[PDB]
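Number of protein chains: 2
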Amino acid sequence: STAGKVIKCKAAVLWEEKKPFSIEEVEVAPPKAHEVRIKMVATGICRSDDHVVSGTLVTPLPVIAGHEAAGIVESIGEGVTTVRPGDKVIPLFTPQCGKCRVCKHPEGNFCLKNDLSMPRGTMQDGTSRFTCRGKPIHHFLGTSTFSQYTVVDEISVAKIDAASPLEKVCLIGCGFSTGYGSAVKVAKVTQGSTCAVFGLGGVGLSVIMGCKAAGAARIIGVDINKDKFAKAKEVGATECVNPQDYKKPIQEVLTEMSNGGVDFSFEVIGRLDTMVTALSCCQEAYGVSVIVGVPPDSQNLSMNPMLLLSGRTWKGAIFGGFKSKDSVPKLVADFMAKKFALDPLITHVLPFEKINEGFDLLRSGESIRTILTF
Amino acid sequence: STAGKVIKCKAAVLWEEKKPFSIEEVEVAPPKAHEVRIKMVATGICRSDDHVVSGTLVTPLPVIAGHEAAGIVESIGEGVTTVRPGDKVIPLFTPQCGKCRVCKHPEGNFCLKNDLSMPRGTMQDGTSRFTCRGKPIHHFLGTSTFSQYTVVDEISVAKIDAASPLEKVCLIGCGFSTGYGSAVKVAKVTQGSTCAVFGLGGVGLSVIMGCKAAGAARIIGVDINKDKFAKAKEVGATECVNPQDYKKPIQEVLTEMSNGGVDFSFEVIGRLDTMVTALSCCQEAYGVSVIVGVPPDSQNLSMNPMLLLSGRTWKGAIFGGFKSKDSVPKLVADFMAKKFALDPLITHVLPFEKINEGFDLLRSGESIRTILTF
Ligand SMILES: NC(=O)c1cccc([C@@H]2O[C@H](COP(=O)([O-])OP(=O)(O)OC[C@H]3O[C@@H](n4cnc5c(N)ncnc54)[C@H](O)[C@@H]3O)[C@@H](O)[C@H]2O)[nH+]1
Ligand SMILES: NC(=O)c1cccc([C@@H]2O[C@H](COP(=O)([O-])OP(=O)(O)OC[C@H]3O[C@@H](n4cnc5c(N)ncnc54)[C@H](O)[C@@H]3O)[C@@H](O)[C@H]2O)[nH+]1
Ligand SMILES: [Zn+2]
Ligand SMILES: [Zn+2]
Ligand SMILES: [Zn+2]
Ligand SMILES: [Zn+2]
């Protein structure tokens, strides 16, 4: 609650990998110059949060994970000029400093001030802003939303429409904007095409949302979990295929299906093998494959270059190509206009304290987006 | 000489790999329906022909190689509607049947009627047209220009300007069009950019011509053969770097000098390691790397997918993305208009019978384009 100094509150501290979170009490310092303390209204559980724990996404531990969320501004640090206190806002795991090459470039969005390439697990000041027990707790992507309170740089915050249903709109902070932006922005799906999506999770379903918004005539969802098929078709898919039903490789099954290959295929899972399979399954001469999943730390994939030579283009993208600070508020306005719907991504809405359970729903395959309410 | 039936002539027969070409006599059968027999005026020695002999580019032996050339039409088979006898023309290693998905696709150029991905070593009808000693000989890419006379399908030949200088314009059938097409068509270099070119041979120098035509503000040519630098700077390079001069990895060097990365990188060598290196030396968030070199048969390259997650786009292409039959004629016209120049690429012009020598000049790094005259 209200302040101008240290706050004590609950947070999901992750002490070690392959362990559960420990909802604990933390001291959340006040916002320094150019930072903001935000009161977390709702939080989505993205697979990336799960990667931290399983050790596939290496970041410094202990740490308060969480990054897909929406909240309200409790206070503002010296100089902040973009968000006033009481404003509904959305943190940003991909900032938008406005000064580096990337923010200046009309196309790139992966700002040089991100904490994803090389995790420090600190604030821009290179300092923390959390303490549990006596020890300091690392940040995550300069967001860390698994806490009632958090403080992010002005660089990583976006003022959102006052009438926003923060319990829906938090998805736009990762899951949706990524998948929808991969399809409509990075890959640039065209009316009439035929896409293929690998991974029918929250982002996967969001890519199908983009393709369908882009006008793809066919949308082949691929997943080893038959249960994901209905949500898929509901949001946009035209058919769904499960690798395990076939006696011949999926790229073969897909090429045959597409009469030679896909127009645009997407890897929204995270494994090396499916990264290649997604590439190979697209048209050798003009197919585009967009890598969306995040692979396992320091692992190299092997693929034969002829796949590229023929004319295939392989792209990768973070946050769906979107320039964070400009995009999110604009995206929210669209949600308002009803130009899209986040409902189909939402399958559970547990309360913060049951975080470990929402993660269990993920890894078991019975959920999609599970919204932690605070 | 003129006919309507078998013609006996000279040709460079490749009997086995890692062996010299054998200049000998062949019976070049007359053109079947929709085929064309052509009299070879001039031919260029492209690195690919050399791959064949090294075994890097697996194609069936024995074979009459060659693919970049211009000639005049001796005879035409039944139904031919595009070229008459006496027209100056250019065979095309990249077909353009006009009926397949690719040819119909406004963007892709790699025709489904090509013999590059799955080298048969025949004509469209699955039959040869060359007989040496007593046994039949395979064709190459459906062109095979290292013969005084050859027969190409109507789909693999382009009629070019009657007044075109065939011993210059032959370069347009491969080396030029690909290098120039990679940069202007494929990667779409932009005014002001900073491009980097791996390999300063015929195709590379043509890419430098592309980048410069596109308006790149900086073009850094990389090559281990110091000798290649003057010509490179000559065609448009702004600077030249040689891997062996530095004590630190080339991508690190390029990135440091380009202030965090190049806008467009090109790989025109065909080496696996430099295919990755060229990828990594480009801007993490918006860099585009186009692979142009042709890799060693069945070899897989290992690379960290995170490289693409950041935002990089990896492209690959054959014939610079130019749609063959419609492009060549138009490009030739541009030559005539003095829209570009092939002269700098030509450093030797040996007579056909000196083929094995022109090949030595390649392997010894002292040539670029050695035009063989017939
Ligand atoms: N680059 C970015 O901006 C960005 C954004 C968001 C998430 C990510 C990454 O993308 C990935 C997925 O995100 P999510 O939607 O939250 O995760 P999720 O766990 O909800 O979905 C994973 C889906 O993949 C399916 N899948 C898994 N294995 C296979 C397989 N072997 N073959 C076929 N299908 C399979 C699985 O059944 C599930 O439906 C994950 O790797 C995450 O780290 N990156
Ligand atoms: N994709 C297509 O449609 C297409 C068209 C034309 C050529 C090609 C392929 O492109 C490749 C280049 O053709 P080229 O220009 O005719 O051959 P080339 O020998 O003239 O050019 C190769 C250049 O690579 C340089 N070089 C070699 N090793 C290295 C290295 N380790 N690091 C840096 N530089 C090095 C070498 O000095 C030379 O200047 C060749 O492999 C050919 O098979 N592909
Ligand atoms: Zn996420
Ligand atoms: Zn920035
Ligand atoms: Zn060539
Ligand atoms: Zn075709």
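Note that the protein sequences, when read in sequence, are chains B and A. Under the entry's author numbering, the first residue of the first sequence is numbered 1, with each subsequent residue one higher. Under the entry's author numbering, the first residue of the second sequence is numbered 1, with each subsequent residue one higher. Where a beta carbon is used, it is the ideal one built from N, C-alpha and C, also for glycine.
For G316(B), three-class secondary structure by DSSP: strand
Closest by C-alpha distance to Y180(A), when choosing among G215(A), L166(A) and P351(A): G215(A)
Could you tell me whether any Cβ in chain A is nearer than 8 angstroms to the Cβ of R312(B)? yes
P295(A): contacting residues in chain B (beta-carbon distance under 9 angstroms): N304, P305, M306 and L309
Under the three-state DSSP convention, the category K5(B) falls into: coil
Grouping DSSP H, G and I as helix and E and B as strand, with all else coil, what is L171(A)? helix
Within-8 angstroms CB hit, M275(B) to chain A: yes
Cβ-based neighbour list, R271(A), same chain, cut-off 8 angstroms, excluding 5 preceding and 5 following: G293 and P295
Start-end ranges of the alpha helix (DSSP H) lying completely within the region 261-309 of chain B, minimum 4 residues: 272-280 and 306-309
Measure the C-alpha to C-alpha separation of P249(B) and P243(B) and round it to an integer number of angstroms. 8 angstroms
Please report the straight-line C-alpha distance between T313(B) and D115(B), rounded to a whole angstrom. 27 angstroms
Report, in whole angstroms, the separation of the C-beta atoms of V89(B) and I160(B), which I expect to be a contact under 8 angstroms. 6 angstroms
Just to confirm, is the Cβ distance from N304(B) to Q299(A) under 8 angstroms? yes
Which residues of chain B have a Cβ atom closer than 9 angstroms to the Cβ of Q299(A), listed in chain order? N304 and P305
Check whether the region 361-369 of chain B and the region 120-134 of chain B are in contact - that is, three or more C-beta pairs closer than 8 angstroms. no
C-beta atoms of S147(B) and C9(B) nearer than 8 angstroms: yes
Measure from the alpha carbon of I220(B) to the alpha carbon of each residue in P60(B), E353(B) and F198(B), then state which is nearest. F198(B)
Counting contacts by CB-CB distance shorter than 8 angstroms, is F110(A) in contact with chain B? yes
Nearest chain A C-beta to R101(B) closer than 8 angstroms, yes or no? yes
Let's test the definition: count the other Cβ atoms within 10 Å of the Cβ of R120(A) and tell me whether it reaches 16, buried, or not, exposed. exposed
Could you check what DSSP says for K228(B) in three-state terms: helix, strand or coil? helix
Whole-angstrom Cβ separation of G210(B) and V189(B), contact assumed at under 8 angstroms? 6 angstroms
Near-chain B residues of the region 172-188 of chain A - C-beta to any C-beta below 8 angstroms: none
To the nearest angstrom, how far is the alpha carbon of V63(B) from that of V152(B)? 15 angstroms
Are the Cβ atoms of residue 391(A) and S177(A) separated by less than 8 angstroms? Beyond the ends of chain A as shown, which are 1 and 374, falls residue 391(A); an answer cannot be given.
Can you list the beta strand (DSSP E) stretches of 3 or more residues lying completely in the region 134-204 of chain A, in chain order? 135-137, 149-153, 157-159 and 194-198
Closest by C-alpha distance to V332(A), when choosing among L166(A), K315(A) and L254(A): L166(A)
Counted within 10 angstroms of its Cβ, other Cβ atoms place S48(A) as buried (16 or more) or exposed: buried
Is there a C-beta anywhere in chain A that falls below 8 angstroms from the one on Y246(B)? no
Rounded to whole angstroms, how far is the Cβ of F335(B) from the Cβ of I155(B), which I believe are closer than 8 angstroms? Incorrect: roughly 24 angstroms between the Cβ atoms, too far for contact.
What does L272(B) touch in chain A if you count any residue whose Cβ is under 9 angstroms from its own? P305
Might you give, ordered along the chain, the residues of its own chain that have their beta carbon closer than 7 angstroms to the beta carbon of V80(A), omitting 5 neighbours on each side? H34, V36 and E154
For the region 38-78 of chain A, which segments carrying the alpha helix (DSSP H) assignment without a break, of at least 4 residues, lie completely within its bounds, in sequence order? 47-54
How is the beta strand (DSSP E) around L372(A) delimited, first residue to last? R369 to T373
Looking only at C-alpha atoms, which of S324(A), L362(A) and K338(A) sits nearest to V157(A)? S324(A)
Pick from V184(A), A11(A) and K315(A) that is closest to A278(A), judged by C-alpha positions: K315(A)
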